[PDB]
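Structural overview
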Amino acid sequence: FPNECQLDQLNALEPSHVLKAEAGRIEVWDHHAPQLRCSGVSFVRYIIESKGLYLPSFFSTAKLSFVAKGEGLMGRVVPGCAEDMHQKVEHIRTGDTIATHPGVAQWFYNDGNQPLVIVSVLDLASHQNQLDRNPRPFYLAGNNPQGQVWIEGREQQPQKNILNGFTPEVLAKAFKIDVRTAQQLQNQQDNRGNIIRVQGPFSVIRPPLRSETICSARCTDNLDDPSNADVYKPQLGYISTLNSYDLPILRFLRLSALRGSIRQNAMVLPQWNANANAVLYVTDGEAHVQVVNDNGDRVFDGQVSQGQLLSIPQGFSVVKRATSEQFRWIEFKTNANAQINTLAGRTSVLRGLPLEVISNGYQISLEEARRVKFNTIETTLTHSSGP
Amino acid sequence: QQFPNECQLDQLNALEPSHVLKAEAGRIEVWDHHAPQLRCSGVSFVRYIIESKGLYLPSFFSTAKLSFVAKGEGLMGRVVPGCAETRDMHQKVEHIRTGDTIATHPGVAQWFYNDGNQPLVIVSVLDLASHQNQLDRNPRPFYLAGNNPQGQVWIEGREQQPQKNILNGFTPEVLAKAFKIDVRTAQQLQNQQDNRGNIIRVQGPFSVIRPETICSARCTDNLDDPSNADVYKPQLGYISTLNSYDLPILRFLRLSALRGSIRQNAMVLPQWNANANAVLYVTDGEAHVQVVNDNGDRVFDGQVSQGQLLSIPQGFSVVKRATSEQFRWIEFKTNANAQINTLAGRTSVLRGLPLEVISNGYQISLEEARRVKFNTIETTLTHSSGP
Amino acid sequence: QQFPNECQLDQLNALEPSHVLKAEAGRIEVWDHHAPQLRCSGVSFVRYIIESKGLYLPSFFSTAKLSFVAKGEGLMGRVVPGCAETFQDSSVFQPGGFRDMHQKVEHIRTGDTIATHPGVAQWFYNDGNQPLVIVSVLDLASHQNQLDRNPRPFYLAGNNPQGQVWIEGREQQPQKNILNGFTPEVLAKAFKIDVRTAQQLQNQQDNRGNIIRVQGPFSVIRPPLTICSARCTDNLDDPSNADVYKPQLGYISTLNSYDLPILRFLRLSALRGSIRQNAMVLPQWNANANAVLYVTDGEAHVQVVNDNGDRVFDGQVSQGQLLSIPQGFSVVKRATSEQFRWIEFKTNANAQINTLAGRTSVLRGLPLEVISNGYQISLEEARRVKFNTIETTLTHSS
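Sequence positions are given from 1 along each chain as written, possibly unlike the numbering in the entry, and residues without coordinates are left off. Throughout, the order in which chains and ligands are written sets their labels, letters from A for the former and numbers from 1 for the latter. The side-chain values count all of the structure's non-hydrogen atoms but skip hydrogen atoms and water molecules.

Observations regarding the overall build of chain B
This is how the line gets drawn: Comment: elements are numbered from the N terminus, with helices defined as DSSP H or I runs of at least four residues and strands as E runs of at least two. This radius of gyration counts C-alpha atoms alone. The globule rule is 2.2 Å times how many residues there are, raised to the power 0.38. To sort residues, take the accessible area from a 1.4 Å probe on protein chains only and compare it with the maximum for the residue type: under 20% means buried, over 50% means exposed, and anything in between is partly exposed. For every accessible area listed, the method is Shrake-Rupley and the probe measures 1.4 Å; residues are considered covered only by the protein chains on display. Counting rule for charge: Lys and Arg are taken as positive, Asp and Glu as negative, and neither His nor the chain ends is counted. Every charge is mapped onto a representative atom, which is NZ of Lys, CZ of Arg, CG of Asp or CD of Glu.
Scanning chain B for helices and strands turns up six helices and 25 strands. Against the compact-globule benchmark of 21 Å for 387 residues, chain B has a radius of gyration of 23 Å, which places it among compact chains. Within chain B, buried positions represent 67% of all 387 residues. For chain B, the exposed surface amounts to about 13,500 Å²; the carbon and sulfur share of it is 45%. Across chain B, the mean location of the 37 positive side-chain charges is 4 Å away from that of the 37 negative side-chain charges.

Regarding the interface of chain C and chain A
Selection rule: Throughout, a contact is declared for two residues whenever any of their heavy atoms are within 4.5 Å. Buried surface area refers to the total accessible area, computed with a probe of radius 1.4 Å, that the two partners give up upon joining, counted for both partners together. Between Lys or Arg on one side and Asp or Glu on the other, a salt bridge is scored when a side-chain nitrogen of the former is within 4 Å of a carboxyl oxygen of the latter. Think of a polar contact as two N or O atoms within 3.5 Å of one another; within protein, one of them needs to be a possible hydrogen donor and the other a possible acceptor, and neighboring residues in sequence only count if both atoms come from side chains. Polar here means any residue outside two lists: the nonpolar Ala, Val, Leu, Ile, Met, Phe, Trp, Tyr, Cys and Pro, and the charged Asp, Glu, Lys and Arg; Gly therefore counts as polar.
On the chain A side, the residues contacting the 71 residues of chain C number 69 residues. Overall, the association of chain C and chain A removes approximately 5,600 Å² of surface from exposure, summing both partners, and the carbon and sulfur fraction of that is 57%. Three residues stand out in chain C for area buried against chain A, namely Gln146, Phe182 and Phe191 of chain C, and they jointly supply 12% of the buried area on that side. Between chain C and chain A we count four salt bridges in total. Summed over the shared surface of chain C and chain A, the number is 31 residue pairs in polar contact. At the level of secondary structure, the elements contributing two or more residues to the side of chain C that touches chain A comprise β4 (54–61), β8 (100–102), β11 (121–125), β13 (153–155), α2 (184–191), α3 (195–201) and β14 (211–213) of chain C. Here the residues of the side of chain C that touches chain A sort into 34 nonpolar, 23 polar and 14 charged.

What about the sheet that holds strand β18 (residues 269–276) of chain C?
All names here are of chain C. Our working definition: Here, any two strands with at least 2 DSSP bridges between them count as paired. Axes here refer to lines fitted to C-alpha atoms; in helices the fit is confined to the stretch in contact. Angles between the N-to-C directions go from 0 to 180 degrees.
With antiparallel pairing, six strands are arranged side by side in an open sheet as β16-β17-β18-β25-β20-β23. At either margin of the open sheet sits one strand with a lone partner, and together these are β16 (242–246) and β23 (322–325). Within this sheet the neighbouring strands show an average axis-to-axis angle of 15°, counted without direction. The sheet contact formed by strand β20 (residues 291–297) and strand β25 (residues 339–346) spans four bridges and is antiparallel. Pairing of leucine 293 across the sheet is with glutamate 344, part of β25.

Regarding the domain arrangement of chain A
All names here are of chain A. Our working rule: Where each domain begins and ends follows an automated or database-derived domain assignment.
Split by domain assignment, chain A resolves into domain 1 (1–223) and domain 2 (224–387). The C-alpha centroid of domain 2 is placed 30 Å from the C-alpha centroid of domain 1. In this complex, domain 1 contributes 45 residues to the contact, which on the side of domain 2 involves 40 residues. Interface area for domain 1 against domain 2, summed over the two sides, is near 3,500 Å², with a carbon-plus-sulfur share of 65%. Counting the contacts that link domain 1 with domain 2 gives one salt bridge. The closest approach of N and O atoms between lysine 69 and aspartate 284, which form a salt bridge, is 2.8 Å. When residues in the side of domain 1 that touches domain 2 are grouped by element, the largest group, six residues, is from strand β5 (residues 63–69). A per-class count over the side of domain 1 that touches domain 2 returns 20 nonpolar, 16 polar and nine charged.

Brief notes about the pairing of strand β1 (residues 19–23) of chain B
All names here are of chain B. Two elements, β1 and strand β2 (residues 26–30), share five bridges in a ladder whose sense is antiparallel. Counted as the bridge partner of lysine 22 is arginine 27 from β2. Linking two consecutive strands that pair antiparallel, namely β1 and β2, is a turn of two residues.

Some remarks on the packing of aromatic side chains
We count it as follows: Two rings belonging to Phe, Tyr or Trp (six-membered ring only in the last case) form a pair when the distance between their centres is within 6.5 Å. Interplanar angles under 30 degrees mark stacking, angles over 60 mark edge-to-face geometry, and anything in between is tilted. Either the NZ atom of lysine or the CZ atom of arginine qualifies as a charge over a ring when it sits within 6 Å of the ring centre and within 35 degrees of the ring normal.
Taken as a whole, this structure holds 42 aromatic pairs over all chains when the rule is applied. When the ring of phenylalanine 58 of chain A is compared with that of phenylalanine 138 of chain A, the centres are 4.8 Å apart and the planes differ by 5°; the resulting orientation is stacked. On the accessibility criterion, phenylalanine 58 of chain A (1% relative accessible area) is buried. Geometry around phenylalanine 98 of chain C places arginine 370 of chain A over its ring, the cationic atom sitting 5.4 Å from the centre.

A word on helix α5 (residues 355–362) of chain A
Residue and element names in this part refer to chain A. For α5, the tally of buried residues reaches eight of eight residues, placing the bulk of the element in the interior. Within α5, burial applies to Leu355, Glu356, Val357, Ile358, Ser359, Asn360, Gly361 and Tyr362. Positive backbone phi, at 50°, marks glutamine 363, one or two positions downstream of α5.

Observations concerning the interface of chain A and chain B
On the chain B side, the residues contacting the 67 residues of chain A number 71 residues. Across the interface of chain A and chain B, roughly 5,600 Å² is buried in total on both sides, 54% from carbon and sulfur atoms. Linking chain A with chain B are four salt bridges. Measuring nitrogen to oxygen at the nearest pair gives 2.7 Å for the salt bridge that ties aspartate 84 of chain A to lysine 373 of chain B.

Description of the state of the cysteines
As a reminder, the rule being used: Put simply, a disulfide is two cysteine sulfurs that come within 2.5 Å.
All chains considered together, the criterion is met by six disulfides over all chains. What pairs with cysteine 83 of chain B in a disulfide is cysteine 215 of chain B, and their sulfur atoms sit 2.0 Å apart. Under the relative-accessibility criterion, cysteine 83 of chain B is labelled buried at 16%. For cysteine 215 of chain B, a relative accessible area of 54% corresponds to the exposed category. The disulfide bridge from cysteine 7 of chain C ends at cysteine 40 of chain C, spanning 2.0 Å between sulfur atoms. Residues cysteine 7 of chain C and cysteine 40 of chain C share a disulfide whose torsion about the S-S bond is about 105°; that sign makes it right-handed. One end of the pair, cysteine 7 of chain C, is in the segment before β1 (19–23); the other, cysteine 40 of chain C, is in helix α1 (residues 36–41), with 33 residues separating them in the sequence. Grouping residues by exposure puts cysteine 7 of chain C and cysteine 40 of chain C together as buried. What links to what in chain B: the bonded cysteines, counted in sequence order, pair as 1-2, 3-4.

A few points about the pattern of salt bridges
Enumeration according to the criterion identifies 56 salt bridges over all chains in this entry. The closest approach of N and O atoms between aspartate 224 of chain A and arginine 328 of chain A, which form a salt bridge, is 3.7 Å. A residue pair is termed long-range when its members are at least 10 positions apart, and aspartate 224 of chain A in the loop between β13 (220–222) and β14 (231–233) and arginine 328 of chain A in strand β23 (residues 326–333) qualify at 104 residues. With respect to class, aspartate 224 of chain A is no different from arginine 328 of chain A; both count as buried. When the shortest N-O distance is used, the salt bridge between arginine 27 of chain B and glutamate 29 of chain B registers 2.8 Å. Via salt bridges that share partners, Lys69, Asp224, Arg259, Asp284 and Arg328 of chain A belong to a single interconnected network.

Structure representation (structure tokens):
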């Protein structure tokens with residue numbers, strides 16, 4: 001700072017701190033990484049084991065979640081909505097994107113054996129974050145004996161739940177419970193973490209085997225659904241987006257999402273986000289990508305493989321070529337309506353330039369300019385063979 | 001302790017003003033916005049004391065302003081950019097009385113006059129961190145007439161210079177050429193070494209009342225009416241609120257307010273704002289309050305009394321409890337429609353939790369889980385006592 | 001001073017460029033945004049000075065851009081993400097013959113005011129006789145800049161061997177176009193062209209800079225016969241579209257968002273004015289915007305007063321100089337040369353000016369007894385201060 005975005009290297013990142021819990025593990029990326037600090041965001045991935053519950057929490061930041069693996073239940077709770085009688089539970093499965101306003105509590109539960117992987121971007125720079133430039137979870141139940149290790153200056157003390165901060169008597173008089181039941185909720189010394197294992201069953205919602213001024217608004221949608229893809233060249237792959245126009249609640253989150261499933265040796269044409277920072281998380285497979293900054297320098301050139309995260313701040317241009325049989329990723333963008341501009345193909349900035357600018361710009365023939373401008377016939381996905 | 005970890009607060013205190021500007025007919029008492037706790041919120045706070053017949057001379061600010069008449073009565077006038085000009089004719093001049101909450105856009109001149117016999121106390125927040133403030137993380141009052149000898153003692157770079165009105169700024173000649181007046185008269189507009197300050201005694205007659213696209217819609221509203229409040233249990237007290245729905249102009253100011261009046265032992269159930277930083281000011285009486293971290297630490301716990309400010313960042317939880325005969329406060333929130341979330345009661349976040357989440361979460365019985373979820377039937381206010 | 005007291009300013013100065021990028025056929029003169037005075041306003045400023053036959057090559061920015069053409073005439077090309085191809089180009093001698101499809105190439109003349117979304121690429125050409133001078137504000141503070149407190153050109157073609165000299169720790173590394181950053185091979189696979197040709201695209205070592213001499217037939221328009229097709233250009237030298245037009249004194253014209261709806265997204269606003277010697281623009285401030293003032297013609301004497309009541313500028317300001325005026329600072333300006341002409345760029349889609357003197361004065365809206373008890377003057381003297389000036393914004397003096 002105040003040059004946070006003068007980036008000379010990008011590296012494909014993995015988590016920095018790992019909260020080990022009883023039934024899975026929260027894994028958090030270091031938002032102090034220059035590249036994340038440039039993005040404005042942190043990243044975290046829940047890994048949830050069988051019979052595991054991610055206990056209710058809420059954040060100071062808009063959140064956008066993508067369930068990368070397995071399936072389960074997610075539970076939302078807001079102010080004023082119509083709340084055994086609880087607010088609505090939901091079946092979540094792989095490909096589902098999930099939007100949360102700041103201050104909204106959410107829990108997740110895994111029923112199966114396949115681990116439930118949920119992957120999330122916390123938007124730190126948004127005005128909606130009226131605190132701080134760290135990810136700040138507020139736990140309603142779990143105790144976190146490791147403490148806030150993702151936030152420096154913590155000095156190695158535990159992070160108890162919200163209820164622990166109150167005296168047990170004021171709790172008692174508030175909930176109308178016994179002072180000893182009050183203390184129970186404080187989960188003092190509780191070793192489990194925030195992903196706890198459920199004893200007995202979880203008759204939360206019955207899966208029927210039968211089959212703003214928007215509190216009714218829907219906050220889930222599936223991205224793996226090619227019916228709704230922005231592009232579908234079945235031989236190459238599909239890319240799918242999530243706009244304000246698909247979930248109105250996003251206009252306010254200022255957040256967006258893209259899903260991509262491509263096949264070995266398919267190339268995503270070189271592009272840049274006109275109005276958003278990206279953060280790209282690989283779901284399945286590996287691709288070879290190059291990234292170019294404002295100085296025309298190559299800030300990244302390498303494989304990006306599953307579980308990894310690459311930051312693509314506004315204006316940086318990327319080019320991706322699948323290496324593995326198939327490659328499936330998800331990009332999170334800091335704009336409720338992210339715009340892409342391609343540098344190649346039939347909708348490229350170059351394509352919209354007059355030939356004569358192209359020849360004089362590159363000091364090349366008029367015919368060569370004609371080639372570079374018209375040859376690549378595809379819009380966003382093309383073939384390619386090599387390394 | 002400071003940016004960009006501005007909000008890793010580990011203690012709060014009841015805050016009093018740190019600087020008193022002394023004027024002829026009253027004072028202007030201003031809180032320290034360098035205080036970690038107030039910097040975290042992005043607001044400053046200032047209190048006027050206008051003695052009888054005193055006039056707060058016209059200032060405008062760089063920042064949204066949300067004022068509250070804590071006690072007294074008097075007149076007050078705005079001067080919006082060239083509106084309805086209704087032998088003297090001048091813009092609207094309204095009366096104001098305790099309870100009144102006044103909105104001011106950046107750039108709008110405001111003045112106050114105590115036409116009554118008891119002291120006029122206006123108490124008001126400045127939204128520093130808002131994007132409407134295109135200056136500085138600083139209260140920056142621009143004075144139309146008031147000369148102030150103590151100078152900007154609330155900004156760090158001052159160096160003890162005196163702070164003169166705007167007119168003082170131009171050469172008296174140009175001031176003459178512009179208002180089309182005698183240079184003599186011009187110089188007199190500059191109030192050099194007028195020591196009165198900004199709150200002056202008026203002389204003789206004060207017979208004023210005589211003759212985005214909103215020079216019309218309302219900018220004032222009274223919160224001391226228990227019949228237009230949100231919850232009014234006469235047993236306990238009332239809490240009334242000023243939303244953008246109430247005063248549609250707040251949509252722009254990004255500021256809401258909340259007014260509380262509760263009697264002894266009345267308790268305001270543990271709550272947090274999902275989407276607003278708050279500044280609580282005690283107008284009458286004394287309450288005992290607790291506040292909780294995202295670490296689940298008690299960062300406050302103690303008495304907060306008349307004339308004090310307690311800063312409550314977004315996501316911190318707060319239980320209030322009247323200690324005096326009657327306790328009356330005013331909450332200022334950085335959101336044109338703040339959203340409270342309750343940790344206990346019929347609106348609680350725990351209400352909208354499936355019981356098996358509550359039970360497993362805190363490791364308590366199902367009997368215990370059904371109480372913790374249901375016993376408290378009240379929404380916001382409640383008696384300080386349990387089973 | 002410095003953040004978060006970036007606006008404790010005690011002295012402002014008429015400013016000029018602080019670095020120059022000299023190109024084959026023109027130069028980019030860029031202002032210093034690290035100047036305390038410019039840092040407060042949260043913007044940078046730049047002037048393209050384009051020679052004849054001179055092409056300024058396609059660049060896109062990470063922030064909003066509001067351009068003004070101060071001197072000259074020429075062509076401009078915008079290119080948005082995924083739009084149809086408007087214009088068409090005759091092919092001179094046709095074999096295999098094809099013409100050219102491409103975005104709309106507009107003509108620009110002095111007074112045109114252009115708007116650019118972050119991510120939009122633009123190039124300028126001087127078909128004209130004299131030098132073409134475009135002047136531009138870049139909105140650094142705006143939420144739309146996802147990057148940094150610096151202006152960041154992204155160059156599609158031009159090489160800049162001087163590098164990013166306007167940013168701090170660049171250490172004299174050259175600045176290549178975007179294409180240079182990809183291996184020639186991937187570029188070839190992407191453009192389905194020969195790897196030897198992909199090398200050429202990277203303009204490695206090209207020392208022309210970003211404004212080049214166009215050799216030959218720049219025949220770019222042959223015969224002319226939710227908002228993707230909104231209006232983004234407009235001419236402020238057109239007095240039929242002015243807020244105030246006193247033809248003895250001069251005019252002030254304005255680009256609110258009520259004129260260019262796309263501005264409500266850019267969070268930017270403009271104000272062009274022409275006044276004649278000794279005309280005065282009554283003391284005003286901006287209620288909700290930071291201003292940046294550029295003189296395009298002549299001289300005027302201005303005073304700027306801050307919130308401490310001090311005079312932070314009091315002097316001459318002439319052609320090519322820029323004066324920063326933060327929200328709340330109050331400004332008076334008297335024309336001094338035969339006629340004074342200037343362009344203000346405000347940091348609000350719709351800017352509210354508040355006058356201290358005249359028919360809309362802030363004082364005009366005060367009760368007499370506040371004016372009289374305030375400055376301690378005569379009730380008669382108050383009647384005067386409040387009413388004597390009947391003009392709103394413009395007036396004559398000496």
